[PDB]
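For reference, the structure is listed below as structure tokens.
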Amino acid sequence: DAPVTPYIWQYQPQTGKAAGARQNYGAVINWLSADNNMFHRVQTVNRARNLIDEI
Amino acid sequence: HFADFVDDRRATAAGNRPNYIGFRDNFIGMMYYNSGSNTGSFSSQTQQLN
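If you're matching them up, the sequences are chains O and K in order.
Residues in the first sequence are numbered from 2 upward in steps of one, following the authors' numbering.
Residues in the second sequence are numbered from 254 upward in steps of one, following the authors' numbering.
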């Protein structure tokens, strides 16, 4: 019941190419001490940012 | 603490350095903050998560 974190791109300033893509750690909500009510609120705004990125 | 001394008698004294020992400012270090081996655990009962 958890959505996935989006893969963010890496821009190489010389040659302008893309240097691979890692997942977006550093923008992750630490839900590891939330009950069943806050976990649904946190995973809703994770499903909101994926819905923006799919558009 | 004997600022000088020649072998028994003709010594000169000097008082020791002043050394104030008290607690820290705001009691820093009394309480384990940011020590991942041993932290605090404020939570509800049935401690499933702090």
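For each residue, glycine too, the CB sits at the ideal point set by N, CA and C.
Boundaries of the beta strand (DSSP E) in which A22 of chain O is found, first to last residue: Translated into the one-based positions of the first sequence, residue 22 of chain O becomes position 21. Per DSSP, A22 of chain O belongs to the beta strand (DSSP E) from 19-24.
Is it a yes or a no for the region 269-280 of chain K touching the region 37-48 of chain O, going by three-plus beta-carbon pairs under 8 Å? no
According to DSSP, simplified to helix, strand and coil, what is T265 of chain K? Stepping through the second sequence from its first residue, residue 265 of chain K is reached at position 12. Reduced to three states, the DSSP call for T265 of chain K is strand.
Looking at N303 of chain K and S294 of chain K, is the spacing between their C-beta atoms short of 7 Å? Here residue 294 of chain K refers to the residue found at position 41 when the second sequence is read from its first residue. Here residue 303 of chain K refers to the residue found at position 50 when the second sequence is read from its first residue. Closer than 7 Å, so yes.
As assigned by DSSP and simplified to three states, the class of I53 of chain O: Along the first sequence, read from residue 1 onward, the residue named residue 53 of chain O stands at position 52. Helix, per DSSP.
For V29 of chain O, the nearest candidate out of O:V46, O:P14, O:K18 (CA to CA): As a working note, residue 29 of chain O is residue 28 in the first sequence. Comparing Cα positions, the closest option is O:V46.
Alpha-carbon to alpha-carbon, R23 of chain O and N31 of chain O: Within the first sequence, numbered from 1, the residue matching residue 31 of chain O stands at position 30. Within the first sequence, numbered from 1, the residue matching residue 23 of chain O stands at position 22. Approximately 19 Å between the Cα atoms of the pair.
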